[PDB]
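Peer 1: The structure under discussion is supplied below as C-alpha cells; questions concerning it will follow.
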Protein chains: 12
Amino acid sequence: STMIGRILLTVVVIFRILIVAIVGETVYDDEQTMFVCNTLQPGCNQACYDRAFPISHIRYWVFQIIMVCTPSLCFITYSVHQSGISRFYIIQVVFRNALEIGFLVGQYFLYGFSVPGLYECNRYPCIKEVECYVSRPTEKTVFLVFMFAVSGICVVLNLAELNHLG
Amino acid sequence: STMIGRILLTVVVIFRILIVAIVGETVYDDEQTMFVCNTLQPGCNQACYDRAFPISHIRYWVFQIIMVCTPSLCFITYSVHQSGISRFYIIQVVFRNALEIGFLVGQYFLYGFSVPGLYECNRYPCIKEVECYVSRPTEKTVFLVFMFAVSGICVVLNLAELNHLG
Amino acid sequence: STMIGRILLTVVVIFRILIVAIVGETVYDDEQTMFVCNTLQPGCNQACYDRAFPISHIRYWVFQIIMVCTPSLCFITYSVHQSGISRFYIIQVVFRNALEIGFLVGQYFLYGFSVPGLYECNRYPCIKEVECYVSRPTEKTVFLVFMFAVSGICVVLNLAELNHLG
Amino acid sequence: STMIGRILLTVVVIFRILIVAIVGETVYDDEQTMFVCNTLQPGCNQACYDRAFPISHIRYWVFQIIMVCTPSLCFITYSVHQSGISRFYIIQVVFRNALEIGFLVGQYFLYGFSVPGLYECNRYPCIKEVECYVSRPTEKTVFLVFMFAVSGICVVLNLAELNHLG
Amino acid sequence: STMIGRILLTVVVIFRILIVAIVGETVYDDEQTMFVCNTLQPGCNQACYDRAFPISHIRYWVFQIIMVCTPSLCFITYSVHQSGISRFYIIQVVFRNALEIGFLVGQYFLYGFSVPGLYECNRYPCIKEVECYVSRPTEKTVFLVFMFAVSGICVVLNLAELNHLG
Amino acid sequence: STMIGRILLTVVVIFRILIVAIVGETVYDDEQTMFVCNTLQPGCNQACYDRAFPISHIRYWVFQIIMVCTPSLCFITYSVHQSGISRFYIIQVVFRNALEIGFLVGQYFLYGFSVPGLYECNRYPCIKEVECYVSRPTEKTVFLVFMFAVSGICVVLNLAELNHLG
Amino acid sequence: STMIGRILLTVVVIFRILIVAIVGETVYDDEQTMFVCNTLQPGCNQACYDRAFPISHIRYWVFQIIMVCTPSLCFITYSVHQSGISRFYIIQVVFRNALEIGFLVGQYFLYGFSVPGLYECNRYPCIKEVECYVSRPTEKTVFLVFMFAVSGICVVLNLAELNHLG
Amino acid sequence: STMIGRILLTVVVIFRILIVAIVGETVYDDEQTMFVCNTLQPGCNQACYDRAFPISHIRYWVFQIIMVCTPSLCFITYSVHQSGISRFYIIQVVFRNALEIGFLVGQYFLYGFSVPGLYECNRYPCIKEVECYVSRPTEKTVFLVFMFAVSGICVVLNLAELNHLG
Amino acid sequence: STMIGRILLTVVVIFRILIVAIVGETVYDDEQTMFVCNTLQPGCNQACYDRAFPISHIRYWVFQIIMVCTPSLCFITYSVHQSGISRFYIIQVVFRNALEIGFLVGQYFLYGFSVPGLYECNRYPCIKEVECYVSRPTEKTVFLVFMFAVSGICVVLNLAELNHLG
Amino acid sequence: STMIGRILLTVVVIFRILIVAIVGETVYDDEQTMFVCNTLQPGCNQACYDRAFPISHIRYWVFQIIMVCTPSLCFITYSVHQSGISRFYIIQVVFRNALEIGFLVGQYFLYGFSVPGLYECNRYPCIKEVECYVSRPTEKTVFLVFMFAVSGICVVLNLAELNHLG
Amino acid sequence: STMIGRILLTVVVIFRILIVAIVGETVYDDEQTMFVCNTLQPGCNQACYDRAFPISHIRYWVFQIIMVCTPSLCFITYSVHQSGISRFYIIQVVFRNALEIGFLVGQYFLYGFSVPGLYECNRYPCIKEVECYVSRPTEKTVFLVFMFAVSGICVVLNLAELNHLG
Amino acid sequence: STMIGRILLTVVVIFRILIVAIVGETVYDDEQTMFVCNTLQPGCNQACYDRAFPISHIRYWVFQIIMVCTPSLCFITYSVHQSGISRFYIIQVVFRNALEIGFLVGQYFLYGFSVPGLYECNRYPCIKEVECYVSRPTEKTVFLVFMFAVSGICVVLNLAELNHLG
C-alpha cells in the first residue's frame with residue numbers, strides 16, 4: 001500500500017514526461033503559421049494571436065515539469081556533497097506538494113477545459129471586432145483534458161502519501 | 001511451443017516499434033500543408049481538416065505503444081526497489097491483454113480500413129457543402145492495414161499465452 | 001571459399017544499410033513539393049502524384065531492410081534466453097533466402113528499371129488527360145539500378161551458400 | 001547556513017541552463033519571418049528589424065552562460081595538470097562575481113523590462129517614419145523578467161558567500 | 001619515411017571525412033529552390049536543372065568515401081572472426097589504390113574544374129534555347145578544387161607506399 | 001607564468017570552439033533567403049549575392065578551426081603508434097603558429113572589420129548598377145570583431161610561448 | 001376625352017423611350033464584370049451568370065420598343081407610296097394592342113417583380129451547389145417596377161381607346 | 001417684373017440641364033470600381049455598396065429633369081394637334097409646381113446635405129460590422145449643395161409666379 | 001397583294017438594320033476577354049478562341065447587310081447620272097435575290113443553330129485536348145435563330161415577288 | 001479701337017472654349033487610376049487623393065465658362081420674347097465683368113501656379129505622414145499658366161471696354 | 001459599256017469606304033493587349049510587337065483612302081473658285097491611277113497575303129530567340145485578301161477607263 | 001501659278017487636319033499604360049514618363065492647328081460684322097506666316113526626328129539610373145517625319161505667296 005504509492009508516482013512521472021517529450025512539440029509546430037483572421041489590416045494577425053494565446057500550453061507544461069523536479073536534484077546533490085535528514089525529507093516533500101497544487105490551480109484558471117475554434121479580437125490596430133479561426137481545436141482539447149487528469153492523479157497520490165506520513 | 005511465444009512477441013514488439021519510429025513521422029509531415037479545398041471562404045480549410053482527421057493516426061499509435069509498455073516498467077521498478085510475485089505477474093499480463101484488446105477495438109471503430117481521397121465538409125464557416133481532397137490516400141491505407149495486422153497477431157499471441165497459462 | 005562468403009555478405013549488408021541511411025532520405029525530400037502538372041483544376045496534383053508513386057522507393061527499401069533482419073534477432077534472443085540448433089539455423093537461413101527472393105521479385109515488378117520524366121494522368125478530378133513533370137529522374141534511376149545490383153549480389157551469395165550447405 | 005548556499009547556487013545554475021537550452025531556441029524561431037512593417041519600400045523590413053533588435057536575447061544569454069563558466073574550467077584543468085590554491089580560489093570567485101554583476105548591469109541597460117508591440121522606424125531607405133509590429137511581445141516580456149529574477153538571485157547568493165568569506 | 005606515410009594518410013582521411021561531414025550538406029541545401037530560369041513554360045525548371053546536375057557533388061563524394069573504406073571493414077571483420085594474411089593485405093591495398101585512381105579519373109571527367117554561372121538549356125518542354133542561372137558558383141568551384149587536391153595527395157601517398165612495398 | 005599560458009590557450013581554444021559551434025549556424029541560417037535587391041531582372045539576386053559574399057564567414061572559421069588542430073592529431077596518433085620527440089614538438093608548434101598567423105592575415109584581408117548594409121552590384125545580367133540590402137549587419141559585425149579579438153589573443157599567447165622557449 | 005387619350009399615349013411613349021435611352025445602357029454596364037461566385041473552379045462564373053440572366057432586361061425592353069412601333073412605320077410608308085384606310089387603321093390598332101399585351105404578359109412571366117441578391121447555382125462544371133452574389137439589386141428592382149407601371153398605363157390607355165372606338 | 005420671371009426660369013432650366021449633361025456622368029464614372037472595404041469575405045463589397053447608395057444621385061436628377069418637362073410636351077402636342085386654354089395653362093402650371101416641390105422634399109429626405117467618407121456596413125454576408133471608404137466625398141457634397149440651391153431658386157420663382165397670377 | 005410586298009420588304013429591312021445596329025455590338029463586346037480555358041500553357045487561349053470563332057457573327061451580318069444594298073445604290077446613281085430600264089430592274093432584282101439566297105445558305109453552313117457552352121481545343125501549342133468555356137451561349141443562340149427567321153422571311157418575300165413578276 | 005475690342009473678345013472666347021473642349025478632357029482621364037501612394041493601408045489612396053485635388057481643374061473651368069455666358073442667353077431670350085435697353089446692357093456688362101474678376105481671383109487663390117509632383121498626406125486612416133506621387137505635373141502646370149494668361153487677357157479687355165463706356 | 005464603268009467605280013469606292021469605316025476599328029481594338037510572349041524579361045513584349053507590326057493595317061488603309069481622294073477635292077475646289085479643263089481632268093486621272101498602283105504594290109510588298117499565328121522575336125532586350133503568339137490571325141487574313149481584291153478591281157477599272165480614253 | 005497656290009494650300013490644310021483628326025488619337029491611346037521601367041521603386045514610372053514626354057505630340061499639333069487658323073476666324077467675323085481691307089489682309093498673312101515658322105522651329109527643337117526605344121531615367125525617387133522601354137517607336141517616328149514634311153511644304157508655299165505679293 002504505502003510502498004506501492006512511490007512506484008506508482010514514479011511510473012506516472014516517467015509516463016507524463018515521455019508523453020510531453022514525444023507528442024508535445026510536433027503538435028504545436030504550426031500554431032502561428034496556420035492562424036488566420038478575416039481582415040486586410042496589416043499586423044492584425046500578430047496582435048490577435050498574441051491576445052489569443054499569451055503563453056502556449058507546451059511552455060507552461062515544460063516549466064512545470066522542470067520545476068517539480070528541483071527537490072530531487074537538491075537532495076541528490078546534498079547527498080553527494082555529504083560523502084536533519086528527516087527534516088530535509090519532510091521539507092522537500094511538502095514543498096513539492098505545494099508547488100504541484102499551485103501549478104494545477106494556475107493551469108485550471110489559465111486555460112480552462114476547451115479551446116474554441118472561433119475567437120473575437122478587438123485590439124489595436126484591428127478595426128472594431130474581427131473573427132479569427134484557430135487550428136486543431138479538438139486535438140488540443142483532448143491533450144488538455146489528458147494532462148489535467150494526469151496532474152490530478154499525481155496530486156491525489158502525493159496528498160495520500162502526505163496524509164499517511166502525518 | 002510455450003517458450004517460443006515469448007520470443008515471437010518480443011520480436012514483433014521490437015519490429016512494430018522500429019517501423020513506427022522510422023516510417024511513422026515523415027509520411028505524415030505535410031498532412032495539413034497539402035490539404036486543399038475547393039472554396040474561397042477564409043478559414044474553411046482549418047475546420048474541414050479538423051473534421052476530417054480529429055486525431056491523427058501517428059498520435060494514436062504512439063500513445064498505444066507507450067501505454068502497452070507501462071506494466072513492464074512497473075515490474076522492473078518494483079524488482080529494482082525490492083533489492084506475491086506470481087499474483088503481480090498474472091495481474092500485469094491480464095491488464096496488458098485487456099488494454100491491447102480495448103485499443104484494437106477503439107482503432108477499428110475510429111478509422112476503419114480506408115482513407116478516401118475525397119471528403120464532404122459542411123461545417124461553419126463553409127457555406128453549404130464543399131469537397132476537399134486528401135493527400136497520400138494509398139500509402140496511408142497500406143500503413144493502416146499493416147498496423148492492424150500486426151496488432152491482430154500480437155493479440156492472438158497474447159490470448160494463446162493466457163490460455164496456455166490457464 | 002565458403003568461409004569468405006559470410007564475411008562478404010556481412011560487409012555488403014553493412015554497406016547497403018549505410019548507403020540507404022546516408023543518401024536515402026534527403027534525395028527524396030522534395031518529391032511532392034516540386035511535382036507540378038499543367039492544369040488549373042484544384043486537387044489535380046494530389047491525385048496525379050498519388051497515381052504516379054503509390055509507395056515511394058525509400059519506404060519499400062527500409063521495410064525490406066528491416067524485414068530481412070528479423071531472423072538474426074530471433075536467433076540472438078533465443079540464444080540469450082537459452083543461457084535442434086541445426087534445424088533452427090537451416091530454417092532461419094531458408095526463410096531469409098525466400099523472403100529476399102520474394103522482395104526482389106516484387107521490387108522488379110513494381111518499379112522496373114526507369115523513372116520517366118513525363119507522366120500522363122487521367123484520374124478524377126483532372127479533366128481528360130493531363131501531363132505531369134517528375135523531379136530528379138536521372139538520380140532516381142541510378143539509385144534504382146544500384147540497389148537492384150546490390151540485391152542481386154546478395155541473392156547470389158545466399159544461393160551459393162545454400163547450395164554449398166545442401 | 002553558508003554550506004547550503006553552494007548547493008542552492010549549483011541547483012539554480014543547472015535550472016537556468018536547462019531552461020535556456022530547452023525553452024529558448026524555438027521561441028525565437030520566427031523573429032524575422034513574422035516581423036512586418038506598414039510600407040511598400042523594398043528593404044525597409046531589414047533596416048527596421050536591425051534597428052529594433054541589434055543583438056537578440058538568446059545570443060546574449062548563451063554568451064553570458066558560457067562566459068560565467070570559464071573559471072570552473074580553468075580551475076579543473078589546473079588541478080588536473082598539477083596532479084597559492086587559496087589565492088587562486090579567491091581570485092576565481094571574485095572574477096566570477098564581477099563578471100556576473102557586469103553582465104547583469106549590461107542586460108538591464110540594453111533591453112530593460114518590456115518589449116513593446118509597436119515600434120517607430122525612421123532609418124534609410126524607409127521614407128520618414130513608419131510603424132512596425134512585433135511578434136510575441138508578452139511571452140518575450142515574461143521570459144525577460146524570469147531571467148532577470150534568476151540572475152538577481154544568483155548575484156545575491158554570490159554576494160552573500162563573498163561577504164561570509166571576506 | 002615509410003612509417004610516416006601511414007600516419008599522414010590516416011590524418012588526411014580523417015580530415016577529408018570531417019570536412020565533407022561538416023561543410024558538405026548545408027552548402028548544397030538550396031540547390032534546386034534557388035535555381036531559376038528565364039521562361040514561363042511550366043516544367044522547364046525541372047528538366048533544365050536535371051540536365052545541369054545529373055548527380056550532385058555531395059552524392060558522388062559520399063559514395064566514394066564509403067567505397068574506399070570497404071577494405072578496412074573486410075580486414076577488421078575477418079580478424080574478429082578469426083579469433084595468407086600477407087596475401088589479403090596486398091590484395092586489399094591494390095584494390096584500394098585502383099578504386100581511388102578510378103574514382104579520381106571519373107570525377108575529373110564528370111565535373112571538371114569549374115561551375116559556370118550561366119547555363120544553356122534546350123530540352124523538352126522548353127521551347128528553343130533558354131538561359132538559366134546557377135546559385136553559389138564560386139564556393140562550389142573552391143570546394144571542387146579543394147577536394148581534387150586532397151584526392152590527388154591521397155593518390156600520391158598511396159602510390160608511393162605501393163612502390164615502396166614492391 | 002609560462003605554465004599558466006598553456007592552460008589559458010587550451011581554455012581559449014575550447015571557448016572559441018564552443019562559441020562557433022553554438023552561435024554559429026543560427027545567425028547565418030537565412031543569409032540568402034532575406035537578401036533582396038531593387039530590380040526586376042530575373043537572376044540578379046544570385047549574381048549580386050555571390051559577388052557580395054564569395055565565401056561565408058562560417059565556412060572560413062570552421063576550416064580554420066579544423067586546420068589548426070591537425071598537429072595535435074598527428075602528435076597523438078604518432079605517440080599511440082610508437083607504443084626526436086623534442087624536434088617533433090618544436091616543428092609542430094612552429095607550424096601551428098605559422099598557420100594561425102597566415103589565417104589571421106587572410107581573414108583581415110578578406111572581410112575587414114565591417115559589413116555595410118547597402119551594397120552596389122553591377123554584374124551581369126543586372127543592367128547598369130543596382131543597390132542591394134544586407135540582412136543583420138550589426139550582429140555580423142560584432143561577431144567579426146569578437147572572433148578577430150579571440151584570434152589575436154591566441155596568436156599573442158603562442159608568440160609569447162615561442163619566445164619563452166627560444 | 002377621346003382626343004386627349006392619343007396625346008397622353010404619345011407623351012408616355014416619348015417619355016418611356018427617353019428613359020430607356022438615357023438611364024438604360026450605363027446602369028447595366030458592369031453586369032458581368034462585378035458578378036462573382038464563391039468557388040475556385042474555372043468557368044463556374046460564366047455558367048452561373050448565364051443561368052441567372054438568360055436575356056438581360058435591356059435587350060427585352062429595346063426589342064419590345066422597336067416591335068411596338070412597326071405599325072406606325074407600315075402606315076407611314078403605305079401613305080407615302082399611295083401618293084380600306086379605315087380597315088388598315090383598325091387592323092394596325094388591334095395588332096399593336098395584342099402585341100403589347102402579349103409582351104407585358106411575357107415580361108411578367110420572365111422576370112417577375114424582384115432581383116434577389118443571392119442566387120444558387122448548380123450547373124456544370126460547378127461542383128454541387130454554390131452561392132453567387134448579384135450587383136445592384138435595388139436599382140434594378142426599382143427600374144423593373146417603373147417599367148411595369150408604364151407598360152400597364154399604356155395598355156390601359158390602348159384598351160380604353162379600343163373600347164371607345166367599338 | 002412679372003415678365004422677367006419667365007425669362008429667369010427658362011435660363012435657369014437651361015443652365016441646370018447643361019450642368020447635369022456636361023459634369024454629371026464622368027464624375028460618377030468610377031463609383032463602384034474605387035469603392036473598397038476592409039475585409040476578405042467575397043461579395044461584401046457588392047452588398048455594402050448597395051446599402052450605401054440605393055439610387056445614385058445622377059439617376060434621381062435625370063428622372064426629375066425629365067419629369068418636370070412633361071407639361072411642356074403635353075401643351076406643345078395639344079397645340080399642334082388643335083391646328084379651356086386658360087384652364088389647361090393653370091392646371092399644367094399647378095401640376096409642375098407640385099411635382100417640383102415634391103421632388104425637392106424627396107431629395108432632401110433621401111440624401112441630405114453631406115456624403116461622409118467612412119461608412120459602417122453590417123449586412124450579409126459581411127461578418128459583424130465593417131468599415132468602407134467612399135471615393136470623392138468633397139466634390140459630391142459640393143455638387144449636392146449646388147443642385148439643392150438651383151432647385152430652391154426654381155421653386156421660389158415658380159411660387160412667386162403662382163402668387164402673382166392668383 | 002403585289003404592291004404590299006414591297007412595303008413589307010422595306011419595313012423588314014429597316015427593322016433588321018435597326019436591330020443589328022442597336023443590339024448587335026455591345027452583346028459581343030467581351031467575346032475574348034471572358035473566354036477562358038483550363039490550362040496553364042501561355043498562348044493556348046488565343047489559338048483555342050481563334051479555332052472556336054473564325055469570323056464572328058456580327059462581322060458576317062454587317063457584311064451581308066452592306067452587300068445586299070449595293071443594287072439600290074447602283075440604280076440610284078445610274079438614275080442621277082442619266083438626268084433598257086426594265087432590263088436593269090430585272091437584272092438587279094435577280095442579282096439581289098441570288099446574293100441573299102447564297103448568303104443565307106453560307107450562314108446556315110457556317111454556324112448552324114446553336115452555340116455550345118463547352119468546346120474541345122486540340123491545336124498547337126495546347127497540349128493534347130483541353131476544354132474551354134464560352135460566354136453567353138443562350139443569348140447568342142436566340143439572336144442566331146431570330147436572324148435566321150428574319151432572313152428566311154425576306155427570302156420568301158423576294159421569291160414571291162419574283163414569281164409574281166415572272 | 002473701341003469697336004475692335006468686341007471682335008477680339010469674341011475671338012478669344014471662341015479660342016478658349018475650343019481649347020478647353022478639345023484638349024481638356026483627355027489630359028485628365030487617368031487622374032485617379034495612376035495616383036499611387038507609398039503605403040499598404042487600405043483606403044489611404046482615396047483620402048490622400050481627395051485631400052490633394054478637392055475640385056479638379058476641368059470642373060472649375062467648365063463651370064466658369066458656362067457661368068460667364070449666362071448674360072448673353074438672358075439678353076437673347078429677352079430680345080426674342082420682346083418681338084430700359086441701355087439699363088439692361090449696362091447691368092449685364094457690369095455683372096459679367098464682376099463675375100469674371102471674381103472667378104479669376106478664386107482660381108488664383110485655389111490652385112496657384114504649380115502642381116508639385118510629391119505630396120504629403122496625413123489624413124485618416126493613413127498612419128502618420130505618407131508621400132504620394134502625382135501624374136503628369138508638367139503638362140498640368142503648362143495648362144494652368146495658359147488658362148491664367150487667357151483669363152487675364154479677357155479681364156483686361158473687359159476692363160478697358162468698361163472704362164471706355166464710362 | 002464605258003459609261004457604266006464610272007458608276008461601278010463610284011459604287012466600289014463607297015462600298016470600300018463603308019467597310020473600312022464600319023468593320024475596321026473594332027477588329028483591331030486589342031492588338032497589343034492580347035499580344036503575349038513566352039518569356040519573363042520586362043520590355044520584351046514592346047520590342048517584339050513593334051518588330052512584328054511596324055505600321056498596322058488600319059493606318060495604312062486609312063491613309064491610302066484619304067490620299068486617293070485628293071484629286072477630287074482639288075477639282076471641286078478649283079471649279080467652285082472659278083465660278084485647260086480637259087488637261088486638268090487628264091492630269092488628275094493619271095495621277096490618281098499612278099498613286100493607286102503605287103499604293104497597291106507597296107501594300108503587296110509590305111504585308112503579303114498571310115498573318116502567321118507564331119512569330120520569332122530576337123531583338124533586344126529579349127535573350128536569344130523567343131516565340132510570340134498573335135491574336136486573331138484568320139480574320140485578319142480574310143480582311144487582307146478582301147481589301148486586296150477590292151483594290152485590284154479598282155485598279156482594273158481605272159486602267160480600262162484610261163485605255164478607253166487613250 | 002499664283003492662283004493655284006491658294007488651292008494647294010487649302011487642300012494641304014484640309015488633308016493635314018483630317019489626318020490629325022483620324023489617325024491622331026488612336027495611336028497615342030496607351031502611351032502611359034504600356035510604358036514600363038525595370039525597377040521596383042513605387043512612383044518611378046510616373047516621374048520617368050513625365051521626364052520622357054513633357055508634352056505629348058498630339059497636344060502640340062492640335063494647339064498649332066488651332067492657333068494657325070485664328071486669322072481666318074478674325075477675318076470672317078470682321079466681314080460678317082461689317083455687313084483698310086488690304087492692310088488687314090497683309091497683316092493677317094504676315095502673322096500667319098510668322099506663327100507657322102515659329103511653331104515649326106519650336107517643333108524641330110523640341111522632339112527632333114526620332115523616338116528612341118530605350119531611355120535612361122535618373123530622377124527622384126528612382127535610385128541611381130534606370131532603363132525604361134517606350135511603346136510604338138517606329139510608328140511615332142514615321143508620323144513625326146510625315147508631319148514635319150507637311151509643315152515644311154506649307155511654309156514653302158506661304159513664303160512663295162508672300163514673295164509673289166511683295
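Going by the C-alpha cells order, chains are called A, B, ..., each with residues numbered from 1, while ligands are numbered from 1 in the order shown.
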Which residues, written as a PyMOL selection string, have at least one atom at most 9 Å from residue 40 of chain L, with only C-alpha atoms counted and residues fewer than 3 positions away on the same chain left out?

Peer 2: (chain D and resi 41-42) or (chain F and resi 38-40) or (chain L and resi 37+44)

Peer 1: So that I can check the surroundings of residue 68 of chain C, please list as a ChimeraX atom specification every protein, DNA and RNA residue that reaches within 9 Å of it, counting only C-alpha atoms and ignoring chain neighbours fewer than 2 positions away.

Peer 2: /C:63-66,70-72,96-97,99-100

Peer 1: Quick one: residues within 8 Å of segment 110-120 of chain A, only C-alpha atoms, excluding same-chain residues fewer than 2 positions away - as a list in words?

Peer 2: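 The residues that qualify are residues 52, 106, 107, 108, 122, 129, 130, 131, 132, 133, 134, 135, 137, 138, 140, 141, 144 and 145 of chain A.
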
Peer 1: How would the residues just chosen look if you wrote them out with C-alpha atoms as a short mmCIF file (atom, residue, chain, number, x, y, z; two decimals), in the first residue's frame?

Peer 2:
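See out.cif below for the written result:
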data_model
loop_
_atom_site.label_atom_id
_atom_site.label_comp_id
_atom_site.auth_asym_id
_atom_site.auth_seq_id
_atom_site.Cartn_x
_atom_site.Cartn_y
_atom_site.Cartn_z
CA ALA A 52 -5.50 34.55 -28.02
CA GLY A 106 -2.91 28.07 -12.10
CA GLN A 107 -3.37 25.79 -15.10
CA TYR A 108 -7.09 25.45 -14.39
CA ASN A 122 -10.70 43.76 -30.82
CA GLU A 129 -14.10 43.47 -33.77
CA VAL A 130 -12.83 40.72 -36.08
CA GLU A 131 -13.19 36.94 -36.13
CA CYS A 132 -10.16 34.63 -36.16
CA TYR A 133 -10.04 30.88 -36.74
CA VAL A 134 -7.91 28.56 -34.61
CA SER A 135 -6.08 25.48 -35.90
CA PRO A 137 -9.05 22.65 -31.63
CA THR A 138 -10.08 19.05 -30.94
CA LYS A 140 -5.57 20.44 -28.24
CA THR A 141 -8.71 19.95 -26.13
CA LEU A 144 -5.56 19.47 -22.22
CA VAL A 145 -8.01 17.06 -20.61
#

Peer 1: Using DSSP on the backbone coordinates, identify all residues within chain K classified as alpha helix (DSSP H); present the result as a PyMOL selection string.

Peer 2: chain K and resi 2-22+44-52+57-68+70-82+85-110+137-165

Peer 1: Could you name the residues that touch residue 165 of chain L at 12 Å or less, counting only C-alpha atoms, but leaving out those on the same chain fewer than 2 positions away, as a PyMOL selection string?

Peer 2: chain L and resi 2-3+86+89-90+93-94+158-163

Peer 1: Taking C-alpha atoms for each residue, export the selection above as a PDB file, in the first residue's frame.

Peer 2:
ATOM      1  CA  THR L   2      -0.242  82.274-108.207  1.00  0.00           C
ATOM      2  CA  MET L   3      -3.907  81.227-108.260  1.00  0.00           C
ATOM      3  CA  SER L  86      -5.789  95.306 -97.928  1.00  0.00           C
ATOM      4  CA  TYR L  89      -5.149  91.035 -95.426  1.00  0.00           C
ATOM      5  CA  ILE L  90      -1.416  91.781 -95.428  1.00  0.00           C
ATOM      6  CA  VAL L  93      -0.952  86.857 -93.890  1.00  0.00           C
ATOM      7  CA  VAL L  94       2.278  88.063 -92.276  1.00  0.00           C
ATOM      8  CA  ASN L 158       3.286  80.541 -97.757  1.00  0.00           C
ATOM      9  CA  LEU L 159       6.752  82.015 -98.317  1.00  0.00           C
ATOM     10  CA  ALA L 160       6.324  81.745-102.087  1.00  0.00           C
ATOM     11  CA  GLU L 161       2.969  83.536-101.948  1.00  0.00           C
ATOM     12  CA  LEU L 162       4.364  86.265 -99.688  1.00  0.00           C
ATOM     13  CA  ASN L 163       7.317  86.797-102.030  1.00  0.00           C
TER      14      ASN L 163
END

Peer 1: For the atom pair atom CA of residue 150 of chain A and atom CA of residue 12 of chain A, what is the interatomic distance in Å to one decimal place?

Peer 2: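 Atom-to-atom, atom CA of residue 150 of chain A to atom CA of residue 12 of chain A, that is 7.8 Å.
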